[PDB]
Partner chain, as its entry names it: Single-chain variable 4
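Single chain ahead, by itself, as C-alpha cells, in the form solved without the partner chain.
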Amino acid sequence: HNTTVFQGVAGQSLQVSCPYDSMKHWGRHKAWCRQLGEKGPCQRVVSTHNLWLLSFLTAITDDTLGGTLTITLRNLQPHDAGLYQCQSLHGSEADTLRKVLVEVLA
C-alpha cells in the first residue's frame, strides 16, 4: 500500500480519505489507528463499531457501497501529527488499506 500526506492546521479539522475495494471488504468494520514505530502495533484511535447508536448519542464515516472510508480529525493538536493506518478488520486480523501521514502546522 502507499502513504499519503494530509496537512492540517493546529486547532482546525482535517479530513482523511481512504478508498478501498468495496467487494473485497464488504461486511467488514474499519479502523483508524496510530502506528507505533514502523513495525510495532497500530494503536486504536476510532473504529466503525456502534456508529448507528453513536448517531443519537475523531469522526469516522464509511461508505461501504462506494468503498470510501473518511476520517475527520477535529481540533488538531501537535501530538496528533504522525503516521496512521486505515484498516479493514476481519476476525483477529486487520488489512492495511492505506498509511496516512498527518502533518500539523502551527
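Positions refer to the first chain, counted from 1.
The discussion below concerns the form solved in complex with the partner chain, not included here.
Within 4.5 Å of the partner chain in the deposited bound form, a heavy atom is found for not a single one of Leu14, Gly27 and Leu97.
Using a 4.5 angstroms threshold between heavy atoms, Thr48 stays clear of the partner chain in the deposited bound form. Although the partner is absent here, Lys39 lies within 4.5 Å of the partner chain in the deposited bound form, judged by heavy atoms.
In the deposited bound form, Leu89 stays away from the partner chain, with no heavy atom inside 4.5 Å. At the 4.5 Å threshold, heavy atoms of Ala81 reach the partner chain in the deposited bound form.
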